[PDB]
């Protein structure tokens, strides 16, 4: 049982390397700036957990 | 082309080049197999009391040519630069001529020369079944053997990708396999010769039989190991990719140097003008016509005369 | 961040509702009967009156 | 390369793309059924509506704007409203009078605020809280006639005050920023834009002509550094539309505005710089110590001679 | 040309922004605070009325109906302890009668606290109102309901003083008070809900009280909240067999709620289709509420047999939602009489599965498809499920070749082209020319060209054979 | 702007414009000609006010007021601009006296979602509801009520919602028809809407508002209190009538209980009607209000009796007294849930059962018998 | 802890045997007294009438640890 | 999360019936046709059973 | 198996292909009023018959 | 490895509309107002018209 999980993760070393590069590829295609007001749940200048959140 | 790393994927100039070259597709169309239509038959180019040269022009969409030398006495034939999209006409020609195929000469291991090599060896050995065919090649082309798959990637040759090349199998120059004690079709190929770059006019030849000698000449510039065939009794120079009609080989491919191509053109000046030069691509010419009417040789000797120590000549657009 | 301040507001709302309801229970009468015997108590459990209806 | 016809023509693999990616609806054209105006939420009790019905007839109702002149409407409120003994009825009546004077641009309607509502809402610490329908109507009025009385009312709507800013419309902020850019209040642009950022308003769906007018009036150096950091809060589709709107309102389409813009070149070049950025490509004491000993060395070596 | 995928769907927008979901959550929070404020204001008014009637009227005895209305308004707001001395005084004065006891027991089920628990606590799930009303003193209100039931039966035995050994158990008042007891015991905890068809029904049978349709509907709803569906379907089968003209929609609502709680959604679909088929009793908005909530509970259910290999499977049941809504337009059930949470889920499933004809003419334009691709490329980290991470029965001996003439009809063009040199010794069996066996469109010309080429190379090979073997 | 009416078009010059013309949608000419034309203005009003199309609207309204529906529909086909709301009002009011419900629904749906919600109006929906009453279509009554209530799009985004007076009128005539024809669930839904919107005392508010309009035309100050609403003739007349309504309700429930006890046996009487759930009424009008509030207190009895007063304009309370009492008693008995729960027919007792010990059938079961059915034997458990 | 769980189950079943012994005692013995207070028009509180209005006895051996005082 | 559901689960487990929380996920486990086809494929057309 | 292609598309793949594409609202074709004999062929010019 | 769903037999194709079962005692009670086919009153086994006359 131990060796089966140890051999399962060594065959995904190269596939996780290319997975990490594909993270950087979709990262640099993101919309620039701090974001857009259409796609936000939080106001920009404060934490979402601020007690004085809604002015 | 090359491996798509992180820098090539985040480059906008790469997408700009792939839009400029190929339009809205972005992917290069490969070099496909010639169909059974628009395919010509095998021509007998030369007949002599010693040998017979039989060839076929434009046998690939690389526009390469396929040639075979036949010994009239020993009934032995020899393919040079085995790259034909249909090696079924050649096996039928050998079987209807009662010939034996013993070796295949390879000038260099680019994809326009070794694309159908396993097909040649398999079909001719299957006809021999009703001693195997050897391969004669230069070990510097080892660096072009390993990129046979990548070249099959870019030019769309997908069915020839997953094929172990016969030059990669264990010859007599290699260590042997230590098989379990409880097979020899692919484990050992005893008929294999490796040509040496130290080519001379004394002993660098192949005994073709009947006193016909084929002198292989080491001439880089288009490849790290590039071997011409020279038959002085027949005045025939299989140049391969070094020299063509009014043009020379490319240097804009990897492992290709212009000054090596210039030295390879300079080691050709001791042959007579009536030597018919037979190129891997296009129409055949003579060496005197290339001394008179080829601008690459004119530029090479002009740069040599005006005092260039490193004369670099070579094409950037032409035949692979 | 602000996990202490947002948890202190929820605790003081729990304490304010438990204080305002303790002042509702203590100022109230709790009458229990068995057989005509009205035992009246306050929120603190002190017997205010043992009556008979 | 292909699929042969004697092969079974089954589906190879199903594709669930619309259930993996749920896309919100986004068109380049605006919504054809939106109100494009400031809504007042007339919430009158259904007994004063029948009573004041000849007076509310000449007032703007839902998506209807009568052509009654404003001097008749103010004269109707001056006489008839003290007869009505209800506080919320008179306040909602004056919300329609402020809305009617805004659409006709009568600058004399701010005296109705000082007459009735100022002493009980905005004078010397008034404890009363005005209705939201009244503050929306007077802020829409002061922005339409370019009145300077918006500033005392907007400061009352903060979290310490009436807290009416989370209930403001996106068109309420659109008519707000257009007036402050016309008057040219640099601190008024910053105090509104800080409030829109804190209240989490729809910054991308503000009117683009309203933003480029409020940004054109930025000339002071400290508020100019605020606009640089604030302009990243817009989207990439918005900030490329602000450049095309700013170039048109100062260029050929300068006749769309009632009052023409003033020449602010430092904001024109920075908006054009910022829109190109968001779009894709297509130790003084120790250093001065070193300088003094070098000049000391060249005088001792003779490279800096004295008078000959 | 490269082929396009015909099993890939057209890219269309089915979803909302983060801002729209945040504004929906904010508005629903505001509505919950508004309902809480309304209930607290009404409860404060009732407690102020009680303090006024207890302080100012210390020695002046009130009329009995004012105290009865005050006890009803106290018990309806979940204040049962402030109402039971009023009921003890009213029963001791013999001022209460047959209807007043049922009114008090029905008020003990608190149908004003239930509205607040509906709109704020249960999030408008009507089964969750019964599940959450048992927390606010279920056992104590159950004991008070049992005590008031005993008080009611004693006063009914007093008020009935022929049919003398069969009173008051044969009257309508005993059945009405028993129905009020069951309706109040449904509000309490799970023990009393389970005791409604167990102890209360057996006690009503042993007392000899004839039930009504509300008795069977409340027993069916108690078995629905228990999760026992075979007994509730047995009770509705009893009602279908014997008293079929009296069945109202509350039994269908009981079965819908119960099969929703037992998670047998196919039975929910069967009950809804039966209710659409018979059209009588009329479907309330509670029917559409329970059925659409069963649909949303089945669609959000994860499965484990494909083990989520590609996507979630049950989401396609939300495609049933634009059908059933149209059925509501045939049933006269207004869709605006749905709760806000269920309306949010119904508009979610409608923007996922509904299109009109005018959008269907424009939804496949390449501009919108490439905008979908660009929006997935730019911000797909915000909306992605993976980025969060003869006859055969009389045939037995088949008759073959029955002299059916194939030469009367015309099938003459059966020509085939075989490759040249099938048995030729000089032509190899294996070759690339085997790829010529799979080619249909230009078959005849390719076979003729291959045969001509093979004949030419075999002729040239034998000619060279003869010339070389004759030259030496 | 009568001078600048007109639209310029293109010439399709370059090859890309030809390719765009060959890639255009099925409605590209009419769509761009419609959106380049009239649209919602900057301040939010409709584009209705058109100079060149003004007398056509007058002709349509003039033909739809004289009863010519087909000619008004024919010159409605000739419109280019968005037509006014008065066109839809006149067309739907022409559809009322012929009971043509489908034409009125089509008239509403033409301008509803296509033409910037011009037919989403109180008078148009009122005439639609009147067509639905004239066609006796209950599902279309609930459809007109549901489109009157509206959704988030038409109310908040479009800001085109129905006024409160028109909503009360539409819901009142719908509730009147649904209570007159014994439709319990639909009338319960409309009554729950009137409870939720707090419109139970709205007719009194319209009467008080008309009185206050006359008073403010005189010059007197106006206010709204409890005694101002109690001073109207409607509340006084309902409070005067209410003992007769209570006696009618008690008599009708006694007859219903006696019929239930007769039909429980099969006609003699059962012990079902010995003691019913209604108590006797006290001999006081305050005791009458007490009895109506403690036996029918789930509904507003006074508002129901005020609504049931008029019938098609005729005052039933002053002219046809037993008809008005029967109507008000029927409406109270329909809208009250407690009256529905207290007027139930006695059903037989369903006995439990167990499977057999020796299993012969799966349908044959041993029934649980009450000791009332079989006397004697041992006392049993649960 | 596996031993102490069995110490609880033998101690809970001792009390559940005693409570269900007395609950059957005070119900059945009071069935033989027959104190008739229906003429008194009382509030129906009694020794039996509070015991029969109380629910079924939830056994302590049936309860988990969190129902007998352990925190969740 | 509800005490009602916990009491219902304990009641159903005392009755000896299926818990409704185990019905939270749908299992369309191993149809008989797939089991028969796997048995035939594993046993090479299942000679002796025919 | 080595070359198994199914001749019946599985229920999961049918469910995935059904769950990805929306419905057309005019496929329900419900009708309860009747035909508009006067207005339906004389409606507004963009949406006209 | 089994299924957690409700296992139910498929619905019977035996036509219950034409299946005349044994007469129950409640059927003999409500036989005075029972609507039956002509096969129902003159059945080969358990005829209901004889029960109605008896």
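Note that the chains are named A, B, C, D, E, F, G, H, I and J in the order they appear, and that numbering of residues resets to 1 at the start of each chain.
Please note the rule applied: a contact is a pair of C-beta atoms (placed from the backbone, for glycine too) under 8 Å apart; a residue touches a chain by one contact, two chains touch by 3 or more.
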Busiest interface, counted in C-beta pairs: E-F
By mean Cα position, the chain sitting nearest the middle: E
Chain centre separation in whole Å, for chain E relative to chain D (CA means): 45
Centre distance in Å when chain A and chain C are each reduced to the mean of their C-alpha atoms: 51
Between chain D and chain G, centroid-to-centroid distance (C-alpha), Å: 70
Per-residue overlap in chain J, given as positions that touch at least 2 other chains: none
Residues of chain B whose C-beta touches two or more other chains: none
Residue numbers of chain E (touch at least two other chains): 7, 9, 12, 14, 17, 19, 88, 92, 191, 242, 310-312, 315, 329-330, 352, 380
Interfacial residue positions of chain A with respect to chain B in the complex: 21, 24-25, 28
Of all residues in chain I, those that touch chain F in their complex: 32-40, 42-48
Complex interface listing, chain E residues touching chain H: 128, 130-132, 134-135, 189-191, 194, 225-227, 261-263, 301-305, 314
List of chain E residues in touch with chain I within their complex: 7, 9-10, 12, 14, 306, 309-313, 315-316, 319, 322-323, 326, 329-330, 352-357, 360
Contact footprint of chain F on chain D as seen in their complex: 31-37, 39, 45-54, 62-65, 80, 82-86, 103
